[PDB]
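Source file: data21.csv. Holds: CSV, C-alpha atoms and all ligand atoms.
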chain,number,residue,atom,x,y,z
A,1,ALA,CA,-33.9,-16.0,133.9
A,2,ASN,CA,-35.9,-13.1,132.4
A,3,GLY,CA,-34.7,-10.5,129.9
A,4,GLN,CA,-35.8,-8.1,127.2
A,5,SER,CA,-34.6,-7.3,123.7
A,6,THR,CA,-33.9,-4.6,121.2
A,7,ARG,CA,-32.5,-5.0,117.7
A,8,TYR,CA,-29.6,-3.2,115.9
A,9,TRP,CA,-26.7,-3.3,113.4
A,10,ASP,CA,-24.2,-0.4,113.5
A,11,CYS,CA,-21.3,-2.1,111.6
A,12,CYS,CA,-19.0,-1.5,114.5
A,13,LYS,CA,-16.2,-3.9,115.5
A,14,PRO,CA,-17.7,-6.2,118.2
A,15,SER,CA,-16.5,-5.6,121.8
A,16,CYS,CA,-15.8,-9.4,122.1
A,17,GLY,CA,-13.7,-8.9,119.0
A,18,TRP,CA,-10.8,-7.8,121.2
A,19,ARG,CA,-8.4,-10.2,123.0
A,20,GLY,CA,-8.6,-10.3,126.7
A,21,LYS,CA,-12.4,-10.2,127.0
A,22,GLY,CA,-12.7,-13.6,128.4
A,23,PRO,CA,-11.2,-17.2,128.5
A,24,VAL,CA,-11.5,-18.0,124.8
A,25,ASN,CA,-9.6,-19.8,122.1
A,26,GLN,CA,-9.7,-16.6,120.0
A,27,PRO,CA,-11.9,-13.5,120.0
A,28,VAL,CA,-14.8,-12.9,117.6
A,29,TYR,CA,-13.7,-12.3,114.0
A,30,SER,CA,-13.9,-8.7,112.7
A,31,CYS,CA,-14.3,-7.9,109.0
A,32,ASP,CA,-13.0,-5.3,106.6
A,33,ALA,CA,-15.2,-2.8,104.7
A,34,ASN,CA,-15.9,-5.6,102.2
A,35,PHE,CA,-17.2,-8.1,104.7
A,36,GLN,CA,-14.1,-10.3,104.6
A,37,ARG,CA,-12.5,-11.6,107.7
A,38,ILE,CA,-9.6,-9.7,109.3
A,39,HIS,CA,-6.5,-11.4,110.7
A,40,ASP,CA,-5.6,-8.7,113.3
A,41,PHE,CA,-7.9,-8.7,116.3
A,42,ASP,CA,-6.2,-5.6,117.6
A,43,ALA,CA,-7.4,-3.5,114.6
A,44,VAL,CA,-9.1,-0.2,115.2
A,45,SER,CA,-12.9,-0.3,115.0
A,46,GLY,CA,-14.8,1.1,112.0
A,47,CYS,CA,-16.6,3.2,114.6
A,48,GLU,CA,-13.3,4.6,115.8
A,49,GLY,CA,-12.3,5.7,112.3
A,50,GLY,CA,-10.6,2.4,111.7
A,51,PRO,CA,-10.9,-0.6,109.3
A,52,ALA,CA,-12.5,-3.2,111.6
A,53,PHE,CA,-16.2,-3.6,111.0
A,54,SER,CA,-18.9,-6.2,111.9
A,55,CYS,CA,-18.9,-9.3,109.7
A,56,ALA,CA,-22.2,-9.8,107.7
A,57,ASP,CA,-22.2,-13.5,108.5
A,58,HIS,CA,-22.8,-12.6,112.1
A,59,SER,CA,-26.5,-12.5,111.2
A,60,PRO,CA,-29.5,-14.4,112.5
A,61,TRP,CA,-31.0,-17.2,110.5
A,62,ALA,CA,-33.8,-19.8,110.9
A,63,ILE,CA,-32.9,-23.4,111.7
A,64,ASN,CA,-36.5,-24.6,111.5
A,65,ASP,CA,-40.0,-23.0,112.1
A,66,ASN,CA,-39.4,-23.0,115.9
A,67,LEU,CA,-35.7,-22.2,116.1
A,68,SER,CA,-33.1,-19.6,114.9
A,69,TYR,CA,-29.5,-19.0,115.6
A,70,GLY,CA,-28.1,-15.5,116.0
A,71,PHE,CA,-25.9,-13.0,117.7
A,72,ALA,CA,-26.4,-10.1,120.1
A,73,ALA,CA,-24.8,-7.3,122.1
A,74,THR,CA,-25.6,-8.3,125.7
A,75,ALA,CA,-25.6,-6.8,129.2
A,76,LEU,CA,-26.5,-9.0,132.2
A,77,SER,CA,-27.5,-7.6,135.6
A,78,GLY,CA,-24.5,-7.3,137.9
A,79,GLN,CA,-22.1,-9.1,135.5
A,80,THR,CA,-19.2,-8.1,133.3
A,81,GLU,CA,-18.0,-8.9,129.7
A,82,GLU,CA,-15.7,-11.6,131.0
A,83,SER,CA,-18.8,-13.7,131.9
A,84,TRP,CA,-20.7,-13.3,128.6
A,85,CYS,CA,-18.3,-12.8,125.8
A,86,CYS,CA,-18.8,-15.6,123.3
A,87,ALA,CA,-21.2,-17.3,125.6
A,88,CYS,CA,-24.4,-18.7,124.1
A,89,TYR,CA,-27.9,-18.4,125.5
A,90,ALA,CA,-31.2,-20.1,124.6
A,91,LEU,CA,-33.9,-17.5,124.4
A,92,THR,CA,-37.6,-18.4,124.5
A,93,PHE,CA,-39.8,-15.5,123.5
A,94,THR,CA,-42.6,-14.7,125.9
A,95,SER,CA,-44.2,-11.8,124.0
A,96,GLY,CA,-44.7,-10.5,120.4
A,97,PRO,CA,-45.8,-12.5,117.4
A,98,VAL,CA,-43.0,-15.0,117.9
A,99,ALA,CA,-44.0,-16.0,121.5
A,100,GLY,CA,-43.0,-19.6,122.0
A,101,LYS,CA,-40.2,-19.6,119.4
A,102,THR,CA,-36.6,-20.2,120.5
A,103,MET,CA,-33.4,-18.6,119.4
A,104,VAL,CA,-29.9,-19.5,120.5
A,105,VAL,CA,-27.6,-16.5,120.3
A,106,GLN,CA,-23.9,-15.9,121.0
A,107,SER,CA,-22.8,-12.8,122.8
A,108,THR,CA,-20.4,-11.0,120.5
A,109,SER,CA,-20.6,-7.5,122.0
A,110,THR,CA,-21.8,-5.5,125.0
A,111,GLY,CA,-24.8,-3.2,125.4
A,112,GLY,CA,-24.9,-0.1,127.5
A,113,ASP,CA,-27.7,-1.0,129.8
A,114,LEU,CA,-27.0,-1.5,133.5
A,115,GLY,CA,-29.0,-3.3,136.1
A,116,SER,CA,-30.9,-5.4,133.6
A,117,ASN,CA,-30.7,-8.6,131.4
A,118,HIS,CA,-30.8,-7.0,127.9
A,119,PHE,CA,-30.1,-8.6,124.5
A,120,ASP,CA,-29.7,-6.2,121.6
A,121,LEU,CA,-30.1,-8.7,118.7
A,122,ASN,CA,-27.8,-8.3,115.7
A,123,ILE,CA,-30.2,-7.6,112.8
A,124,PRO,CA,-29.1,-5.8,109.6
A,125,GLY,CA,-31.3,-2.8,109.2
A,126,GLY,CA,-32.6,-3.1,112.8
A,127,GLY,CA,-31.2,0.3,113.5
A,128,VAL,CA,-27.8,1.8,113.7
A,129,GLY,CA,-28.4,3.1,117.2
A,130,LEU,CA,-25.9,5.0,119.4
A,131,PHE,CA,-23.0,4.5,117.0
A,132,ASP,CA,-23.0,4.5,113.2
A,133,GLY,CA,-20.1,2.6,111.5
A,134,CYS,CA,-22.2,1.8,108.5
A,135,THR,CA,-21.9,5.2,107.0
A,136,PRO,CA,-18.1,5.0,107.0
A,137,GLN,CA,-18.1,1.3,105.9
A,138,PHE,CA,-20.3,1.7,102.8
A,139,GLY,CA,-22.3,4.9,102.8
A,140,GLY,CA,-24.8,3.9,105.5
A,141,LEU,CA,-28.0,1.9,105.9
A,142,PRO,CA,-31.5,3.3,105.4
A,143,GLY,CA,-34.1,3.5,108.2
A,144,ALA,CA,-34.6,5.4,111.5
A,145,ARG,CA,-31.6,5.6,113.9
A,146,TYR,CA,-33.2,3.2,116.3
A,147,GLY,CA,-35.5,0.4,115.0
A,148,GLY,CA,-34.1,0.9,111.5
A,149,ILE,CA,-36.2,0.1,108.4
A,150,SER,CA,-39.9,-0.6,108.6
A,151,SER,CA,-40.5,-2.8,105.5
A,152,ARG,CA,-38.9,-6.0,104.1
A,153,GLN,CA,-38.7,-4.4,100.7
A,154,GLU,CA,-36.2,-1.9,102.1
A,155,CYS,CA,-33.7,-4.7,102.4
A,156,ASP,CA,-33.4,-4.6,98.6
A,157,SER,CA,-30.9,-1.7,98.6
A,158,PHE,CA,-28.7,-3.3,101.3
A,159,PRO,CA,-25.2,-4.7,100.5
A,160,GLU,CA,-25.7,-8.3,99.4
A,161,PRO,CA,-24.1,-9.9,102.4
A,162,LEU,CA,-26.5,-8.1,104.8
A,163,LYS,CA,-29.7,-8.9,102.9
A,164,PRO,CA,-30.6,-12.3,104.4
A,165,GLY,CA,-30.2,-11.1,108.0
A,166,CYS,CA,-32.3,-8.1,107.1
A,167,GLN,CA,-35.0,-10.3,105.6
A,168,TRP,CA,-34.9,-12.8,108.4
A,169,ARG,CA,-36.5,-10.1,110.5
A,170,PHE,CA,-39.7,-10.0,108.5
A,171,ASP,CA,-39.9,-13.7,108.0
A,172,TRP,CA,-39.1,-16.1,110.9
A,173,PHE,CA,-39.1,-13.1,113.3
A,174,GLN,CA,-42.4,-11.7,111.9
A,175,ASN,CA,-41.1,-8.1,112.5
A,176,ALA,CA,-41.4,-8.6,116.3
A,177,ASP,CA,-40.8,-5.4,118.2
A,178,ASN,CA,-38.6,-5.9,121.2
A,179,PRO,CA,-40.0,-9.3,122.4
A,180,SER,CA,-39.3,-10.3,126.0
A,181,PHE,CA,-37.9,-13.8,126.8
A,182,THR,CA,-36.7,-16.3,129.4
A,183,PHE,CA,-33.2,-17.5,128.9
A,184,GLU,CA,-30.5,-19.9,130.1
A,185,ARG,CA,-26.9,-20.2,129.1
A,186,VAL,CA,-26.2,-23.3,126.9
A,187,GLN,CA,-23.2,-24.8,125.2
A,188,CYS,CA,-22.7,-22.9,122.0
A,189,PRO,CA,-23.8,-24.8,118.9
A,190,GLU,CA,-21.0,-25.5,116.4
A,191,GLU,CA,-22.7,-23.4,113.7
A,192,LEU,CA,-22.4,-20.2,115.8
A,193,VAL,CA,-18.7,-20.8,116.7
A,194,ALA,CA,-18.1,-21.5,113.0
A,195,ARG,CA,-19.3,-17.9,112.2
A,196,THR,CA,-17.4,-16.0,115.0
A,197,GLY,CA,-14.5,-18.4,115.7
A,198,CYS,CA,-14.9,-17.7,119.4
A,199,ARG,CA,-15.5,-20.4,122.0
A,200,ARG,CA,-15.3,-20.1,125.8
A,201,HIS,CA,-13.2,-22.5,127.9
A,202,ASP,CA,-16.1,-23.0,130.2
A,203,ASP,CA,-18.5,-23.8,127.4
A,204,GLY,CA,-18.2,-27.6,127.6
A,205,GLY,CA,-19.5,-27.5,131.1
A,206,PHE,CA,-22.9,-26.5,129.7
A,207,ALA,CA,-25.1,-28.8,127.6
A,301,LIG,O1,-10.7,0.2,121.7
A,301,LIG,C1,-11.4,1.0,122.7
A,301,LIG,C2,-12.2,0.0,123.5
A,301,LIG,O2,-13.1,-0.6,122.6
A,301,LIG,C3,-14.1,-1.6,123.1
A,301,LIG,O3,-14.8,-2.2,122.0
A,301,LIG,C4,-15.7,-1.3,121.3
A,301,LIG,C5,-15.7,-1.7,119.9
A,301,LIG,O4,-14.4,-1.6,119.4
A,301,LIG,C6,-16.6,-0.7,119.1
A,301,LIG,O5,-16.6,-1.1,117.7
A,301,LIG,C7,-18.0,-0.7,119.7
A,301,LIG,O6,-18.9,0.1,118.9
A,301,LIG,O7,-17.9,-0.2,121.1
A,301,LIG,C8,-17.1,-1.1,121.9
A,301,LIG,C9,-17.1,-0.5,123.4
A,301,LIG,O8,-16.5,0.8,123.4
A,301,LIG,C10,-13.4,-2.7,123.9
A,301,LIG,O9,-14.3,-3.5,124.5
A,301,LIG,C11,-12.4,-2.0,125.0
A,301,LIG,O10,-11.7,-3.1,125.6
A,301,LIG,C12,-11.4,-1.1,124.2
A,301,LIG,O11,-10.4,-0.6,125.1

Output the file's structure in the form of structure tokens.
Amino acid sequence: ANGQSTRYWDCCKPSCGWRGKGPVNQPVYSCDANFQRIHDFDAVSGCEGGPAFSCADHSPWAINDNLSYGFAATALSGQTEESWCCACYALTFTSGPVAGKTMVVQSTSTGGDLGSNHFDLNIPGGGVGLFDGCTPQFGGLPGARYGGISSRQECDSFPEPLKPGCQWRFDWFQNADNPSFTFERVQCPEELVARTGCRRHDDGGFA
């Protein structure tokens, strides 16, 4: 399949962080203002004036020079959350400075695009976007509303837990701006499930 991407980090509780979003063992973990895991999956989102924010460990990272693991807010043409929550997809970039690189990402939230295959990649400092839960969480992140910061050095003022994800963007990712990609759903690697805690019942069917 073919799709396009954007990047973001709004500190909001992930949509797949609520129970009943799909056949899973447990939904995606949420974190408190101090980036620590929360036990209550029914907690109010930090973007709804509540205490449930996005976990900093739900950041992208490089496995090797050709592959990275990550997370994204997804929207698939003619599909619903039930079919993508916690599902993993192997993306192979077809444009940008990272063309040819692969990245396996787990869907932890939902984007607002309709009629398209869109992956809004979780990237600290990639842009708060529509919602801003980072201001309530810890005073906010620097950068333009969409797209976020423009220089790696800007990651220096970020809360410690968000720095590596922020920097990953200017390293493995070579600051690629909205690269397009081909993608197929694949079984979620153990490392991703270990970060979110969420695994789909139909996951084993994939390879
Ligand atoms: O709780 C209202 C509504 O929330 C949806 O999840 C939110 C998430 O909590 C928020 O942090 C993010 O920024 O937006 C999404 C979508 O509004 C959830 O998916 C719904 O089931 C729930 O009723």

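Coordinates place CA of residue 9 in chain A at a distance of 13.1 Å from CA of residue 161 in chain A.
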
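Nearest to ligand LIG 301 (chain A) of all the residues A:1, A:198, A:85, A:176 is A:85, counting only C-alpha atoms and all ligand atoms.
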
Fill in: Contact residues around range 32-40 of chain A with all atoms listed in the file at 12 Å, ignoring same-chain residues under 3 positions, as a ChimeraX atom specification
/A:11-13,17-19,26-29,43-47,49-58,133-140,159-162,195-197

Worksheet item: Of the candidates A:8, A:2, A:107, A:117, which one gets nearest to residue 143 in chain A if we count all atoms listed in the file?
Response: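 Answer, going by the shortest atom-to-atom distance: A:8.
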
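If you measure from each of A:15, A:94, A:30, A:109 to residue 72 in chain A using all atoms listed in the file, the closest one turns out to be A:109.
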
Practice prompt. Quick one: pull the distance between atom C8 of ligand LIG 301 (chain A) and CA of residue 48 in chain A, Å, one decimal.
Written response: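 Those two atoms sit 9.2 Å apart.
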
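Nearest-residue note for ligand LIG 301 (chain A): choosing from A:69, A:131, A:181, A:41, the minimum distance belongs to A:131, counting all atoms listed in the file.
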
Worksheet item: How many Å lie between CA of residue 86 in chain A and CA of residue 108 in chain A, rounded to one decimal?
Response: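 Computed distance, CA of residue 86 in chain A to CA of residue 108 in chain A, equals 5.6 Å.
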
Item to complete: Point out the residue among A:206, A:110, A:130, A:171 with the least atom-to-atom distance to residue 145 in chain A, counting only C-alpha atoms.
Response: A:130

Fill in: Using all atoms listed in the file: which of A:99, A:155, A:194, A:75 has the shortest distance to residue 169 in chain A
A:155

Item to complete: Write out as a ChimeraX atom specification each polymer residue whose atoms come within 10 Å of residue 96 in chain A, counting only C-alpha atoms; drop sequence neighbours fewer than 2 positions from it.
Response: /A:93-94,98-100,173-181

Item to complete: In the coordinates of the file, take the point (-32.3, 0.1, 111.8) and a cut-off of 9 Å; then, counting only C-alpha atoms, name each qualifying protein, DNA or RNA residue as a PyMOL selection string.
Response: chain A and resi 7-10+123-129+141-150

Worksheet entry | residue 61 in chain A environment, 7 Å, all atoms listed in the file, sequence neighbours closer than 6 positions dropped, as number ranges by chain | A: 68-70, 165, 168

Generate the output file for the selected residues, C-alpha atoms, as a short mmCIF file (atom, residue, chain, number, x, y, z; two decimals), in the frame of the given file.
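Result went into out_5.cif, see below:
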data_model
loop_
_atom_site.label_atom_id
_atom_site.label_comp_id
_atom_site.auth_asym_id
_atom_site.auth_seq_id
_atom_site.Cartn_x
_atom_site.Cartn_y
_atom_site.Cartn_z
CA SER A 68 -33.10 -19.60 114.90
CA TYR A 69 -29.50 -19.00 115.60
CA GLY A 70 -28.10 -15.50 116.00
CA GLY A 165 -30.20 -11.10 108.00
CA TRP A 168 -34.90 -12.80 108.40
#
